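Have a look at work.txt; it's compact mmCIF, C-alpha atoms and all ligand atoms:
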# COMPACT_ATOMS: atom_id res chain seq x y z
CA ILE A 1 73.79 93.03 99.89
CA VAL A 2 70.50 94.28 98.33
CA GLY A 3 70.70 96.11 94.93
CA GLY A 4 74.32 95.10 94.46
CA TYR A 5 76.06 93.09 91.70
CA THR A 6 78.21 89.96 91.55
CA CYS A 7 81.69 91.15 92.35
CA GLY A 8 83.52 88.58 90.15
CA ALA A 9 85.75 85.82 91.72
CA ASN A 10 88.57 87.06 93.94
CA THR A 11 88.11 90.75 92.93
CA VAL A 12 87.88 91.74 96.60
CA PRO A 13 90.94 89.77 97.94
CA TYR A 14 90.79 91.14 101.50
CA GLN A 15 87.19 89.89 102.06
CA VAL A 16 86.93 86.93 104.49
CA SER A 17 83.91 84.81 105.56
CA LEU A 18 83.68 83.92 109.29
CA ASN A 19 82.38 80.37 109.46
CA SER A 20 81.04 78.11 112.28
CA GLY A 21 79.44 75.34 110.06
CA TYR A 22 77.84 78.07 107.87
CA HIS A 23 78.74 81.73 106.93
CA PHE A 24 77.57 84.14 109.63
CA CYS A 25 79.68 87.37 109.17
CA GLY A 26 82.29 88.92 106.92
CA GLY A 27 85.58 90.53 107.88
CA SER A 28 88.67 92.17 106.30
CA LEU A 29 92.25 90.82 106.18
CA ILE A 30 94.63 93.68 107.34
CA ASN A 31 97.98 91.65 107.53
CA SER A 32 98.74 87.89 107.24
CA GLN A 33 97.63 86.87 110.73
CA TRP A 34 94.95 89.50 111.61
CA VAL A 35 91.35 90.14 110.47
CA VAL A 36 89.04 92.96 111.47
CA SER A 37 85.31 92.41 111.90
CA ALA A 38 82.43 93.60 114.10
CA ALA A 39 82.15 92.92 117.80
CA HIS A 40 78.60 91.65 117.39
CA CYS A 41 79.97 88.81 115.12
CA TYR A 42 81.84 87.37 118.14
CA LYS A 43 81.28 83.62 118.92
CA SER A 44 83.69 80.76 119.62
CA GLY A 45 84.40 78.06 116.99
CA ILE A 46 85.32 80.51 114.23
CA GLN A 47 87.13 79.34 111.17
CA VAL A 48 88.19 82.30 108.92
CA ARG A 49 87.81 81.48 105.19
CA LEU A 50 89.99 83.42 102.76
CA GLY A 51 90.04 83.45 98.92
CA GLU A 52 86.33 82.66 98.73
CA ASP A 53 83.88 83.46 95.97
CA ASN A 54 81.20 80.68 96.09
CA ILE A 55 81.09 79.84 99.85
CA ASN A 56 79.33 76.51 99.22
CA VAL A 57 81.88 75.11 96.63
CA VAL A 58 85.71 74.60 97.07
CA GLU A 59 86.75 76.15 93.71
CA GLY A 60 90.41 76.63 94.56
CA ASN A 61 92.19 79.65 96.21
CA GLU A 62 90.47 79.09 99.55
CA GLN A 63 92.54 79.05 102.78
CA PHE A 64 90.58 77.89 105.89
CA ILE A 65 92.40 78.98 109.06
CA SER A 66 91.08 78.72 112.59
CA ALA A 67 90.99 81.87 114.73
CA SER A 68 93.49 81.53 117.62
CA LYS A 69 91.71 84.43 119.40
CA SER A 70 89.10 87.19 118.98
CA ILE A 71 89.53 90.56 120.77
CA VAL A 72 86.25 92.47 121.10
CA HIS A 73 86.78 96.18 121.80
CA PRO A 74 86.76 96.52 125.67
CA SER A 75 84.19 99.37 125.41
CA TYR A 76 81.84 97.60 122.98
CA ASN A 77 78.17 98.22 124.06
CA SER A 78 75.84 95.51 122.59
CA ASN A 79 72.77 97.72 123.10
CA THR A 80 73.98 100.82 121.20
CA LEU A 81 76.59 98.85 119.09
CA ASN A 82 78.97 101.69 119.93
CA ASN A 83 82.68 100.50 119.40
CA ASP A 84 81.44 97.66 117.20
CA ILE A 85 84.86 96.33 116.12
CA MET A 86 86.73 93.08 116.85
CA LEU A 87 90.16 91.79 115.82
CA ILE A 88 90.71 88.06 115.15
CA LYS A 89 94.22 86.63 115.21
CA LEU A 90 94.70 83.54 112.89
CA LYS A 91 96.31 80.21 114.18
CA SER A 92 98.77 80.31 111.22
CA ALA A 93 99.58 83.24 108.89
CA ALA A 94 97.80 83.22 105.47
CA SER A 95 99.74 82.70 102.13
CA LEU A 96 99.13 86.09 100.43
CA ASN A 97 98.98 86.08 96.63
CA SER A 98 96.84 88.07 94.15
CA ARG A 99 93.62 86.27 95.25
CA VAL A 100 94.21 86.74 99.03
CA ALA A 101 95.59 90.18 100.00
CA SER A 102 95.30 92.59 102.94
CA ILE A 103 93.71 96.07 102.87
CA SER A 104 95.29 99.23 104.26
CA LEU A 105 94.12 100.97 107.37
CA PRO A 106 93.35 104.67 106.75
CA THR A 107 95.64 107.49 107.83
CA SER A 108 92.65 109.93 107.75
CA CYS A 109 88.79 109.68 108.04
CA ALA A 110 86.79 109.82 104.80
CA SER A 111 84.46 112.66 103.93
CA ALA A 112 80.77 112.69 103.00
CA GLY A 113 80.35 112.02 99.30
CA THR A 114 83.32 109.56 99.22
CA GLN A 115 82.23 106.53 97.12
CA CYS A 116 83.09 103.21 98.82
CA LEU A 117 82.73 99.45 97.95
CA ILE A 118 80.80 97.26 100.42
CA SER A 119 80.78 93.48 99.86
CA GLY A 120 79.46 90.31 101.55
CA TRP A 121 77.39 87.14 101.31
CA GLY A 122 74.49 88.59 103.34
CA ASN A 123 70.83 88.69 102.43
CA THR A 124 69.91 90.13 98.95
CA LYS A 125 66.15 90.82 99.58
CA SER A 126 64.82 93.74 101.63
CA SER A 127 61.59 91.87 102.29
CA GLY A 128 62.50 88.12 102.86
CA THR A 129 65.78 86.06 102.80
CA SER A 130 67.70 84.99 99.64
CA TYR A 131 71.41 84.34 100.55
CA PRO A 132 73.81 84.20 97.62
CA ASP A 133 76.48 81.63 96.92
CA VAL A 134 78.91 84.19 95.52
CA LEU A 135 80.17 87.48 96.80
CA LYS A 136 78.02 90.54 96.13
CA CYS A 137 79.23 94.14 95.85
CA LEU A 138 77.67 97.56 96.20
CA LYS A 139 79.28 100.98 95.54
CA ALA A 140 77.74 103.47 98.08
CA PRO A 141 78.61 106.95 99.26
CA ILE A 142 79.31 108.12 102.79
CA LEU A 143 76.41 110.40 103.83
CA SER A 144 76.74 113.66 105.78
CA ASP A 145 76.52 113.44 109.53
CA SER A 146 73.39 115.70 109.49
CA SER A 147 71.42 113.27 107.23
CA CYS A 148 72.65 110.29 109.24
CA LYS A 149 71.60 111.78 112.61
CA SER A 150 68.40 112.98 111.04
CA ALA A 151 67.65 109.35 110.00
CA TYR A 152 68.55 107.74 113.35
CA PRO A 153 68.08 110.48 115.97
CA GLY A 154 69.95 109.77 119.22
CA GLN A 155 71.49 106.54 117.89
CA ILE A 156 74.62 107.72 116.07
CA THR A 157 77.87 108.11 118.11
CA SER A 158 81.02 109.68 116.76
CA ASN A 159 82.29 106.13 115.97
CA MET A 160 79.60 105.58 113.36
CA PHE A 161 78.79 106.93 109.88
CA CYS A 162 75.92 106.20 107.45
CA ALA A 163 76.59 105.22 103.85
CA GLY A 164 74.04 104.20 101.25
CA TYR A 165 70.97 105.59 99.44
CA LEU A 166 68.01 107.37 101.15
CA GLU A 167 65.75 106.41 98.20
CA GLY A 168 66.01 102.73 99.37
CA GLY A 169 66.80 99.62 97.19
CA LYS A 170 70.58 99.31 97.65
CA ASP A 171 72.11 98.51 101.14
CA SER A 172 74.12 95.94 103.13
CA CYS A 173 72.03 93.53 105.28
CA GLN A 174 72.17 90.60 107.80
CA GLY A 175 75.07 88.25 106.84
CA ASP A 176 77.15 91.27 105.70
CA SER A 177 77.91 92.34 109.33
CA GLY A 178 81.66 92.65 110.07
CA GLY A 179 82.57 93.17 106.43
CA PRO A 180 84.48 95.95 104.66
CA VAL A 181 83.55 99.44 103.50
CA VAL A 182 86.64 100.41 101.40
CA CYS A 183 87.07 103.90 100.07
CA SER A 184 90.14 104.83 97.95
CA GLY A 185 91.97 101.61 98.90
CA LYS A 186 91.55 102.17 102.60
CA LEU A 187 89.30 100.31 105.08
CA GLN A 188 87.02 103.17 106.37
CA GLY A 189 84.11 101.12 107.73
CA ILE A 190 82.81 97.83 109.08
CA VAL A 191 79.15 96.80 108.33
CA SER A 192 77.40 97.28 111.73
CA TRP A 193 73.58 97.85 111.69
CA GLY A 194 70.58 99.58 110.09
CA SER A 195 66.72 99.36 110.28
CA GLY A 196 65.59 96.55 107.94
CA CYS A 197 67.60 96.47 104.77
CA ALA A 198 67.31 98.94 101.86
CA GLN A 199 64.33 100.81 103.33
CA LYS A 200 63.79 104.45 102.31
CA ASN A 201 65.49 106.99 104.53
CA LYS A 202 67.12 104.21 106.69
CA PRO A 203 70.70 104.00 105.42
CA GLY A 204 73.25 101.46 106.71
CA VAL A 205 75.36 102.47 109.74
CA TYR A 206 79.01 101.56 109.81
CA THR A 207 81.75 101.49 112.42
CA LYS A 208 84.17 104.37 111.72
CA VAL A 209 87.57 102.65 111.51
CA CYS A 210 89.66 105.86 111.30
CA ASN A 211 88.81 106.33 115.02
CA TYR A 212 90.44 102.97 115.98
CA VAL A 213 93.73 102.76 114.04
CA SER A 214 95.98 103.32 117.14
CA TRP A 215 93.83 100.87 119.15
CA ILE A 216 94.30 98.28 116.34
CA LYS A 217 98.06 98.96 116.10
CA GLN A 218 98.66 98.79 119.83
CA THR A 219 96.50 95.72 120.28
CA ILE A 220 98.26 93.79 117.40
CA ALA A 221 101.63 94.88 118.69
CA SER A 222 100.93 93.25 122.06
CA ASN A 223 99.26 89.99 120.98
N1 LIG A 301 70.49 97.66 106.94
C1 LIG A 301 71.78 97.43 107.08
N2 LIG A 301 72.70 98.17 106.48
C2 LIG A 301 72.22 96.37 107.87
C3 LIG A 301 73.58 95.97 107.83
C4 LIG A 301 74.04 94.91 108.58
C5 LIG A 301 73.14 94.25 109.36
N3 LIG A 301 73.27 93.23 110.14
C6 LIG A 301 72.11 93.00 110.65
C7 LIG A 301 71.90 91.89 111.45
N4 LIG A 301 70.65 91.52 111.67
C8 LIG A 301 70.32 90.48 112.40
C9 LIG A 301 71.33 89.72 112.99
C10 LIG A 301 72.66 90.07 112.79
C11 LIG A 301 72.96 91.17 112.00
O1 LIG A 301 74.27 91.54 111.77
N5 LIG A 301 71.16 93.82 110.25
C12 LIG A 301 71.84 94.61 109.44
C13 LIG A 301 71.34 95.68 108.70
CA CA A 302 84.30 78.34 97.91
CL CL A 303 71.15 113.39 117.87

Would you write out, as structure tokens, the structure that this file holds?
Amino acid sequence: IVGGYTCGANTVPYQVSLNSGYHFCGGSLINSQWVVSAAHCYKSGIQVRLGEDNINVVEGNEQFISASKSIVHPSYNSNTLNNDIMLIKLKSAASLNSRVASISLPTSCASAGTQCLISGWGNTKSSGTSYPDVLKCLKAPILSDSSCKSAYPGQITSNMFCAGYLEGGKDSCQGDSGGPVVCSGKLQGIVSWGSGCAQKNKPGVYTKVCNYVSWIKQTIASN
């Protein structure tokens, strides 16, 4: 997160860290045994870490659960990142309390201008790499589809939306991939891609979760 602030320990209880010996992507807890992340975060050897704040110190509240399986969307395209969503099922269910909690899936898509909260342990510098120990947050609005398509001509599908600031300075970045974009208590986006981080007129692009709620429900109901 570039231009963001320290969220405060456990203030984003549905945020998870995907770990393979180090933090590589974020994700969102949607029920006690399922997490939602981005298809490009897929790898084997994933341990899901819940209740985290400092990812390098065990401070208490953490729950480390191995993924029993990851389900990448069958139509995911790694070259356009269209359908960039993945579901991870946990080996055991997580103990939910006030520090670890799930986030609701949306019943409707959000509109331009909606203010959302984006969080993650990704890079904090637009020019260079500084990775934080604690969770960073950024409040950003959903942009109109015309400005988004005007910024990335021919690269935005209907399963994507842009959120952020065209002036530059505040944005999600590498390490934040797979994490949440929550608007009004509902998970509306997943951090997917962008050009550099916090560059002028190059806002972040997010996977539009309202387009996949039945796919998520049907997939969880059968696995
Ligand atoms: N500018 C952004 N909003 C953005 C967000 C997530 C990103 N993730 C990545 C990324 N880059 C290199 C390897 C993996 C990644 O997820 N770039 C990203 C850029
Ligand atoms: Ca920790
Ligand atoms: Cl276009």

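Atom pair atom CA of residue A:80 / atom CA of residue A:198: separated by 20.5 Å.
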
**OP:** Would you mind reading off the distance between atom CA of residue A:12 and atom CA of residue A:197, one decimal, in Å?
**Re:** 22.4 Å

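Closest approach to residue A:189 among A:55, A:36, A:87, A:96 is made by A:36 (distances from all atoms listed in the file).
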
**OP:** List all protein, DNA and RNA residues that have at least one atom no more than 10 Å from any atom of ligand CA 302 (chain A), counting all atoms listed in the file, and write them as JSON, numbers by chain.
**Re:** {"A": [9, 49, 50, 51, 52, 53, 54, 55, 56, 57, 58, 59, 60, 61, 62, 63, 133, 134]}

Original post:
Any idea what's packed within 9 Å of stretch 148-150 of chain A, counting only C-alpha atoms, ignoring anything in its chain fewer than 3 positions away? Could you give it as a VMD selection string?
Top reply: chain A and resid 143 to 145 153 to 156 161 to 163 202 to 203 205

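A distance cut-off of 7 Å from ligand LIG 301 (chain A), applied to only C-alpha atoms and all ligand atoms, picks out the residues residues 171, 172, 173, 174, 175, 176, 177, 191, 192, 193, 194, 195, 196, 197, 198, 203, 204 and 205 of chain A.
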
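Compared by their closest atoms to residue A:11, and using only C-alpha atoms, the residues A:117, A:181, A:67, A:73 rank with A:117 nearest.
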
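Between residue A:38 and the candidates A:141, A:122, A:185, A:178, the tightest atom-to-atom separation, counting only C-alpha atoms, involves A:178.
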
**OP:** Using only C-alpha atoms, determine which residues lie at most 8 Å from residue A:115, disregarding the query and same-chain residues fewer than 4 positions distant; provide the list as a list in words.
**Re:** residues 139, 140, 141, 142 and 183 of chain A

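If only C-alpha atoms are the atoms counted, then among A:91, A:99, A:23, A:208 the closest residue to residue A:157 is A:208.
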
**OP:** For residue A:167, please output as a PyMOL selection string all residues within 8 Å (counting all atoms listed in the file; exclusion window: fewer than 3 positions along the same chain).
**Re:** chain A and resi 199-201

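Residue nearest ligand CL 303 (chain A) within the list A:188, A:147, A:214, A:108: A:147 [criterion: smallest interatomic distance, all atoms listed in the file].
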
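With distances taken over all atoms listed in the file, A:146 is the one residue among A:184, A:211, A:10, A:146 lying closest to ligand CL 303 (chain A).
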
Original post:
Which residues, written as a PyMOL selection string, have at least one atom at most 12 Å from residue A:85, with only C-alpha atoms counted and residues fewer than 6 positions away on the same chain left out?
Top reply: chain A and resi 27-28+35-42+70-78+159-160+177-180+189-192+206-213+215-216

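With atom CA of residue A:65 on one side and atom CA of residue A:135 on the other, the separation reads 19.3 Å.
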
**OP:** Write out as a list in words the residues lying within 8 Å of residue A:68, counting all atoms listed in the file and excluding same-chain residues fewer than 6 positions away.
**Re:** residues 88, 89, 90 and 91 of chain A

Can those selected residues be exported to a file as a PDB file, keeping the file's coordinate frame so that it contains C-alpha atoms?
ATOM      1  CA  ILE A  88      90.710  88.060 115.150  1.00  0.00           C
ATOM      2  CA  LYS A  89      94.220  86.630 115.210  1.00  0.00           C
ATOM      3  CA  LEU A  90      94.700  83.540 112.890  1.00  0.00           C
ATOM      4  CA  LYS A  91      96.310  80.210 114.180  1.00  0.00           C
TER       5      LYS A  91
END

With 4 Å on each side, where is the centre of the axis-aligned box around all listed atoms of stretch 41-59 of chain A, and how long are its edges in Å to one decimal, as JSON?
{"center_x": 84.7, "center_y": 81.7, "center_z": 106.7, "size_x": 18.7, "size_y": 22.2, "size_z": 33.9}
